[PDB]
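Report on the structure given below.
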Protein chains: 4
Amino acid sequence: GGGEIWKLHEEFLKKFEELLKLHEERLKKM
Amino acid sequence: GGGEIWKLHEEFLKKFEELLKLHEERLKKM
Amino acid sequence: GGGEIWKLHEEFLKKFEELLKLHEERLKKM
Amino acid sequence: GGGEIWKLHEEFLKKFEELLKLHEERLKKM
Ligand SMILES: [Hg+2]
Ligand SMILES: [Hg+2]
């Protein structure tokens with residue numbers, strides 16, 4: 001039910017934050 | 001699924017939009 | 001950098017928001 | 001200049017689409 005759905009979203013939320021964080025990171029290193 | 005699972009999907013798209021605006025802010029100042 | 005590089009940043013945040021809405025659409029129908 | 005910035009953004013735009021695409025993929029397999 002929502003339990004699995006929640007975990008799946010929490011997982012990609014985290015991935016997406018890593019992606020953003022990575023983006024601005026390289027944007028500086030540049 | 002049913003409109004129940006939808007509340008969950010909406011809940012996170014909202015957190016997604018939040019991350020994006022913060023990201024925009026960081027770039028702006030950057 | 002200067003407001004020139006800003007045009008670029010804005011250009012892609014816009015494409016980012018576009019991907020998100022499409023994603024919302026898919027989930028909605030899903 | 002904008003050339004590098006552009007490529008960097010095009011790179012994460014692509015990554016972000018893979019992420020979204022992956023998300024809805026697992027959302028179905030569920
Ligand atoms: Hg999502
Ligand atoms: Hg970006």
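Simple scheme: letters A, B, ... for chains in structure tokens order, numbers from 1 for residues in each chain, numbers from 1 for ligands in the order shown.
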Inset, instruction - Kindly compile the residues surrounding ligand 2 within 8 Å, counting only C-alpha atoms and all ligand atoms, and format them as a ChimeraX atom specification. - result: /A:20,23-24 /B:23-24,27 /C:9,12-13,16 /D:9,12-13
Convert the current residue selection to file output with N, CA and C atoms, as a PDB file, in the first residue's frame.
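After the write, part.pdb holds the following:
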ATOM      1  N   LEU A  20      20.898  17.230  -7.863  1.00  0.00           N
ATOM      2  CA  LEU A  20      20.959  18.676  -7.790  1.00  0.00           C
ATOM      3  C   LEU A  20      22.254  19.113  -7.144  1.00  0.00           C
ATOM      4  N   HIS A  23      25.041  18.705  -9.410  1.00  0.00           N
ATOM      5  CA  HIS A  23      25.010  19.715 -10.461  1.00  0.00           C
ATOM      6  C   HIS A  23      25.704  20.996 -10.016  1.00  0.00           C
ATOM      7  N   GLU A  24      25.192  21.634  -8.973  1.00  0.00           N
ATOM      8  CA  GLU A  24      25.791  22.877  -8.505  1.00  0.00           C
ATOM      9  C   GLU A  24      27.227  22.699  -8.057  1.00  0.00           C
TER      10      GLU A  24
ATOM     11  N   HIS B  23      17.162  25.045  -5.658  1.00  0.00           N
ATOM     12  CA  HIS B  23      18.261  24.885  -6.592  1.00  0.00           C
ATOM     13  C   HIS B  23      18.387  26.163  -7.405  1.00  0.00           C
ATOM     14  N   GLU B  24      17.253  26.735  -7.793  1.00  0.00           N
ATOM     15  CA  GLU B  24      17.262  27.962  -8.589  1.00  0.00           C
ATOM     16  C   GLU B  24      17.907  29.072  -7.781  1.00  0.00           C
ATOM     17  N   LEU B  27      21.684  28.799  -7.711  1.00  0.00           N
ATOM     18  CA  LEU B  27      22.261  29.219  -8.983  1.00  0.00           C
ATOM     19  C   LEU B  27      22.198  30.736  -9.115  1.00  0.00           C
TER      20      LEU B  27
ATOM     21  N   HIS C   9      20.977  29.362 -17.080  1.00  0.00           N
ATOM     22  CA  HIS C   9      20.459  28.677 -15.903  1.00  0.00           C
ATOM     23  C   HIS C   9      18.942  28.674 -15.932  1.00  0.00           C
ATOM     24  N   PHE C  12      17.266  26.221 -18.491  1.00  0.00           N
ATOM     25  CA  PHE C  12      17.159  24.831 -18.103  1.00  0.00           C
ATOM     26  C   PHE C  12      16.279  24.532 -16.899  1.00  0.00           C
ATOM     27  N   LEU C  13      16.127  25.490 -15.996  1.00  0.00           N
ATOM     28  CA  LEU C  13      15.232  25.282 -14.877  1.00  0.00           C
ATOM     29  C   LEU C  13      13.845  25.161 -15.473  1.00  0.00           C
ATOM     30  N   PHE C  16      13.378  21.866 -16.707  1.00  0.00           N
ATOM     31  CA  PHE C  16      13.277  21.010 -15.549  1.00  0.00           C
ATOM     32  C   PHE C  16      11.852  20.979 -15.053  1.00  0.00           C
TER      33      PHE C  16
ATOM     34  N   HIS D   9      24.500  21.423 -18.306  1.00  0.00           N
ATOM     35  CA  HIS D   9      23.062  21.393 -18.071  1.00  0.00           C
ATOM     36  C   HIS D   9      22.390  20.330 -18.920  1.00  0.00           C
ATOM     37  N   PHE D  12      22.775  16.970 -17.104  1.00  0.00           N
ATOM     38  CA  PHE D  12      21.932  16.697 -15.956  1.00  0.00           C
ATOM     39  C   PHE D  12      20.459  16.676 -16.293  1.00  0.00           C
ATOM     40  N   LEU D  13      20.124  17.243 -17.435  1.00  0.00           N
ATOM     41  CA  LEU D  13      18.754  17.254 -17.894  1.00  0.00           C
ATOM     42  C   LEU D  13      18.470  15.802 -18.266  1.00  0.00           C
TER      43      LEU D  13
END
Would you mind aligning chain B to chain A, a least-squares fit over all C-alpha atoms taken in order, and returning the superposed chain as a compact mmCIF listing (two decimals) with N, CA, C and O atoms, in the first residue's frame?
# COMPACT_ATOMS: atom_id res chain seq x y z
N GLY B 1 -0.14 5.35 -2.80
CA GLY B 1 -0.54 4.09 -2.12
C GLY B 1 -0.17 4.09 -0.64
O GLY B 1 0.04 5.15 -0.04
N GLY B 2 -0.04 2.89 -0.07
CA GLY B 2 0.32 2.76 1.33
C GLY B 2 1.79 3.05 1.60
O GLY B 2 2.60 3.09 0.68
N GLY B 3 2.12 3.23 2.88
CA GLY B 3 3.49 3.52 3.28
C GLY B 3 4.58 2.65 2.69
O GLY B 3 5.77 2.86 2.95
N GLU B 4 4.21 1.65 1.89
CA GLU B 4 5.20 0.79 1.27
C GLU B 4 5.74 1.54 0.04
O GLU B 4 6.95 1.69 -0.14
N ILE B 5 4.82 2.02 -0.78
CA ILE B 5 5.15 2.76 -1.98
C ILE B 5 5.89 4.03 -1.60
O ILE B 5 6.61 4.61 -2.41
N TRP B 6 5.70 4.48 -0.37
CA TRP B 6 6.35 5.69 0.11
C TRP B 6 7.86 5.50 0.23
O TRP B 6 8.63 6.42 -0.05
N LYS B 7 8.28 4.32 0.65
CA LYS B 7 9.69 4.02 0.80
C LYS B 7 10.36 4.21 -0.56
O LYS B 7 11.45 4.78 -0.65
N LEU B 8 9.66 3.81 -1.62
CA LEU B 8 10.19 3.93 -2.96
C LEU B 8 10.32 5.37 -3.37
O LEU B 8 11.33 5.76 -3.95
N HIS B 9 9.29 6.16 -3.09
CA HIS B 9 9.29 7.58 -3.44
C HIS B 9 10.44 8.28 -2.74
O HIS B 9 11.16 9.08 -3.34
N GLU B 10 10.64 7.95 -1.48
CA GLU B 10 11.70 8.57 -0.70
C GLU B 10 13.07 8.18 -1.25
O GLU B 10 13.98 9.00 -1.35
N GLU B 11 13.19 6.92 -1.63
CA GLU B 11 14.43 6.39 -2.15
C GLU B 11 14.93 7.16 -3.35
O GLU B 11 16.14 7.33 -3.52
N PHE B 12 14.01 7.62 -4.19
CA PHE B 12 14.42 8.34 -5.36
C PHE B 12 14.54 9.84 -5.19
O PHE B 12 15.30 10.49 -5.90
N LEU B 13 13.79 10.42 -4.26
CA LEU B 13 13.90 11.85 -4.03
C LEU B 13 15.31 12.04 -3.52
O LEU B 13 15.93 13.06 -3.78
N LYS B 14 15.81 11.04 -2.79
CA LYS B 14 17.16 11.08 -2.24
C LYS B 14 18.19 11.08 -3.38
O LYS B 14 19.17 11.81 -3.33
N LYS B 15 17.97 10.27 -4.41
CA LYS B 15 18.88 10.21 -5.55
C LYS B 15 18.75 11.51 -6.34
O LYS B 15 19.65 11.93 -7.05
N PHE B 16 17.60 12.15 -6.21
CA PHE B 16 17.34 13.38 -6.93
C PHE B 16 18.15 14.48 -6.31
O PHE B 16 18.76 15.27 -7.00
N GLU B 17 18.17 14.51 -4.98
CA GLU B 17 18.92 15.52 -4.25
C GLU B 17 20.39 15.33 -4.49
O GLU B 17 21.14 16.30 -4.54
N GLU B 18 20.81 14.09 -4.66
CA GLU B 18 22.20 13.78 -4.89
C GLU B 18 22.63 14.37 -6.23
O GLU B 18 23.66 15.01 -6.30
N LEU B 19 21.83 14.17 -7.27
CA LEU B 19 22.16 14.68 -8.60
C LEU B 19 22.28 16.20 -8.56
O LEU B 19 23.20 16.76 -9.14
N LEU B 20 21.39 16.85 -7.81
CA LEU B 20 21.40 18.30 -7.70
C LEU B 20 22.65 18.85 -7.06
O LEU B 20 23.17 19.87 -7.49
N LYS B 21 23.10 18.22 -5.98
CA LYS B 21 24.33 18.66 -5.31
C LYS B 21 25.53 18.48 -6.24
O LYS B 21 26.41 19.33 -6.28
N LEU B 22 25.58 17.38 -6.98
CA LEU B 22 26.68 17.16 -7.90
C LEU B 22 26.60 18.27 -8.92
O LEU B 22 27.61 18.82 -9.32
N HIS B 23 25.39 18.59 -9.34
CA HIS B 23 25.22 19.61 -10.36
C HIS B 23 25.75 20.92 -9.81
O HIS B 23 26.40 21.68 -10.52
N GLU B 24 25.47 21.19 -8.54
CA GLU B 24 25.92 22.43 -7.91
C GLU B 24 27.44 22.47 -7.92
O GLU B 24 28.05 23.48 -8.20
N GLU B 25 28.05 21.35 -7.55
CA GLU B 25 29.50 21.24 -7.54
C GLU B 25 30.09 21.59 -8.91
O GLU B 25 31.00 22.39 -9.02
N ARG B 26 29.57 20.97 -9.96
CA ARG B 26 30.06 21.23 -11.29
C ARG B 26 29.99 22.72 -11.62
O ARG B 26 30.94 23.28 -12.16
N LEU B 27 28.87 23.36 -11.31
CA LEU B 27 28.71 24.79 -11.58
C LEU B 27 29.71 25.59 -10.75
O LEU B 27 30.34 26.52 -11.26
N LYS B 28 29.84 25.24 -9.48
CA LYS B 28 30.77 25.93 -8.59
C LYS B 28 32.14 25.97 -9.26
O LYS B 28 32.68 27.03 -9.51
N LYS B 29 32.70 24.80 -9.55
CA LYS B 29 34.00 24.75 -10.20
C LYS B 29 33.99 25.47 -11.54
O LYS B 29 34.95 26.13 -11.90
N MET B 30 32.88 25.33 -12.27
CA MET B 30 32.73 25.96 -13.57
C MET B 30 32.95 27.47 -13.48
O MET B 30 33.81 28.02 -14.17
